[PDB]
Protein chains: 2
Amino acid sequence: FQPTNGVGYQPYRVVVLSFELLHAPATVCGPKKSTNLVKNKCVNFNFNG
Amino acid sequence: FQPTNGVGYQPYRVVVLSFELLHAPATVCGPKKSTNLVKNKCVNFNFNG
């Protein structure tokens, strides 16, 4: 790698995030806030995704 | 300026050092160790450059 090289020979850093969609206890989630529990009313829900 | 630019389009920092050399007491000298004065003999000398 030279600083005077073109964009073809330019150093690029690659991160490949791999996710498993298999059914299991999920450990990593987004930053969404956790609401309270509303019972006996028709609600949308996202129960751990 | 883009890091993906061509070889003619990168930033270049340029410092131009112009050495003013007036017939005057010189104040910018190189890193040369001085020698104590020896007189009355045929010697080389570097007096203020």
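On inspection, A:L22 does not qualify as more than 14 Å from every other protein chain (Cβ to nearest Cβ), within 28 Å of B:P3 (Cβ to Cβ) and in a loop (DSSP other than H, G, I, E, B). Set side by side, the residues A:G8, A:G30 differ, and just one is within 20 Å of B:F1 (Cα to Cα), loosely packed, with under 10 Cβ neighbours inside 10 Å and small (G, A, S), which is A:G8. List the pairs whose first member sits in the stretch B:12-26 and is closer than 24 Å to B:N48 by Cβ, whose second member is hydrophobic (A, V, I, L, M, F, W, C), and whose Cβ atoms are under 8 Å apart, counting only residues at least 6 apart or on separate chains? Pairs that qualify, where the first residue is closer than 24 Å to B:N48 by Cβ and the partner is hydrophobic (A, V, I, L, M, F, W, C), are B:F19/B:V28.
Positions of Cβ are generated from backbone atoms using ideal geometry, with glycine treated the same way; all protein chains shown enter the neighbour counts. Taken together, the values in this text are just the output of simple stated rules run on the coordinates, not laboratory data.
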